[PDB]
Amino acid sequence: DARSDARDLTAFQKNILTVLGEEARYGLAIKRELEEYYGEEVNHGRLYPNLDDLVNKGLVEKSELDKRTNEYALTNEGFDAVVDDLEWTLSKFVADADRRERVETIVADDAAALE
C-alpha cells in the first residue's frame, strides 16, 4: 500500500521525496534544494544515509551517473507515497469552498510558473 509507506517517514525524508517528485537529482543537488527549504546548511552525513534508507524501502532508485555521482529518482512506490500524503493533506485542508478556491489558486499559479 502507498499509505503504509508514506506514514513512518521522517519529515526530512518526505522532503527528500517531494524534491525528487519535482525531478530526479544527484545527491548534492538534493542537498542544495533542502538547504533552500530549511534555510540551514544540510549535513551530507545526514542526507546520504537517509537516501540509502529510502532505497531499502523501495521508494528511491539509486543509479550511477558518474563513478563519483549518483542519480536518485522516485520509484513508482515512492511516487505513490508522495501522492498519498498529498491526498491526505488535501482531504483535510479542503474543508469548505474557500479552502478549495485557495488550493485552486495555488495550483493555477504553479501551472503558470511552468513557463
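Under this definition, the rigid core comprises the largest set of C-alpha atoms superposing within 1.5 Å between the forms. Start at 1 and count along the sequence shown; that's the residue number.
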Between 49-57 and 66-74, which has its CA atoms farther from the current form in 7 other deposited structures of this protein, using a rigid core superposition? 66-74
Between 5-13 and 102-110, larger RMS Cα displacement in 7 other deposited structures of this protein after core fit: 5-13
When mean C-alpha B-factors in the record are compared for 18-26 and 5-13, the larger belongs to 5-13
Segment of higher mean CA temperature factor, 102-110 or 88-96: 88-96
Can you tell me which of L34, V83, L65, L47 has the highest Cα temperature factor in the record? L65
